[PDB]
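Working through the structure, step by step
Letter by letter, the chains look like this.
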Amino acid sequence: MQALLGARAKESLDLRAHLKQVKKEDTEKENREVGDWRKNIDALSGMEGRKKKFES
Amino acid sequence: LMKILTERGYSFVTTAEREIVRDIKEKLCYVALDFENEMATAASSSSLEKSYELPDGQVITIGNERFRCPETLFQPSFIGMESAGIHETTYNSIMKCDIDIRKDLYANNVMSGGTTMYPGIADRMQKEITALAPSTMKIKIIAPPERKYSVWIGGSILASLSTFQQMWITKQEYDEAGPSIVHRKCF
């Protein structure tokens, strides 16, 4: 009386935690696309002089 | 300016006189960022007048005429033109462009040509557009010392760009097509 419902619970937890597991696999093996970037700036710090080109 | 200087007792009607008024304007006039308040005192006191030496030893001073002249840029009705001014036309050129363009044109209002050298014009034009423009948007004027000379300078830049060397009509294509070629090769 104690073994059958145990086995059924094992199967159900297996299927659910296993879909959870296969998707969490994709989450963990690649966590790079969920990252970000520094996005630096040059900002042209030279407001003391101008440029050589004809347009400037 | 010549008509309002006539009102003040300085009548300029011949060519020499006209060329002189243009020179006076260039050295004495300014836009004013508040026409009515500037006029309220310019028309009441000599403290807002500026002198000019005429070529014959005579002198002239200019009072509210000093700013009423450039004011026509904001009020074209002064010379009989059916227009609200250069800031409304500037505003409409920004406004009539696509909605994703408008923000970039508000922030890049470029003054060019001459008359851009009237003191205060670069600032009044930013004020006049800001007053018409939506909030949030940045309104900004570009007004380098290369003003009035900007078209020539642009010509120098353009004529010498590598990206422009294919835009020239040669004197081959010209004779085969005639001068109407300019409408196909230039603009």
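Residues numbered from 1 in each chain as written, not as in the entry; some residues may be left out. Chains lettered and ligands numbered in written order. Part of a larger assembly, values for the part shown. Heavy atoms only, no water.

Method of determination for the deposited model, per the PDB record: cryo-EM, at 7.8 Å resolution.

**A word on unusual backbone geometry**
Of note in this structure, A43 of chain A is not a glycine but carries a positive phi near 75°. Mapped onto the secondary structure, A43 of chain A falls in the segment after α1 (4–29). A positive phi angle, close to 80°, is found at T136 of chain B, a residue other than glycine. Within the secondary structure layout, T136 of chain B lies in the loop between α7 (121–130) and β4 (141–142). (Helix = DSSP H or I, 4+ residues; strand = E, 2+ residues; numbered from the N terminus.)

**Some thoughts on the side chain of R66 of chain B**
Residues and elements named next belong to chain B. Along the chain, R66 falls in helix α4 (residues 65–71). Of the side chains with opposite charge, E38 comes closest to the buried, unpaired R66, at an N-O distance of 6.7 Å. A distance of 2.8 Å separates the side chain of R66 from the backbone oxygen of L28, its partner in a polar contact. Residues contacting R66, with those up to four places away along its chain left out, are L28, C29, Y30, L48, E49 and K50. (Buried < 20%, exposed > 50% of the residue type's maximum accessible area, 1.4 Å probe, protein only. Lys, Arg positive; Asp, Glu negative; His and termini not counted. Salt bridge = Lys/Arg side-chain N within 4 Å of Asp/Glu carboxyl O. Polar contact = N/O pair within 3.5 Å; in protein donor to acceptor, adjacent residues only side chain to side chain. Contact = heavy atoms within 4.5 Å.)

**Description of a nonpolar patch on the surface**
A cluster of nonpolar side chains, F78, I79 and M81 of chain B, forms an exposed patch at the surface whose accessible area comes to about 320 Å². Take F78 of chain B: it is sitting in the loop between α4 and α5 (86–95). (Patch = residues over 30% accessible without salt bridge, like charges linked within 9 Å, V, L, I, M, F, W, Y side chains within 5 Å. Areas by Shrake-Rupley, 256 points an atom, 1.4 Å probe, with all protein chains shown as cover.)

**Let's talk about the pattern of salt bridges**
Residues and elements named next belong to chain B. Enumeration according to the criterion identifies 12 salt bridges over all chains in this entry. A salt bridge links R124 to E128; the shortest N-O distance between them is 3.1 Å. Of the two residues, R124 and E128 both sit in helix α7, four residues apart, roughly one turn of that helix. Ionic contacts of the salt-bridge type, sharing partners, join the residues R18, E19, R22 and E26 into one network.

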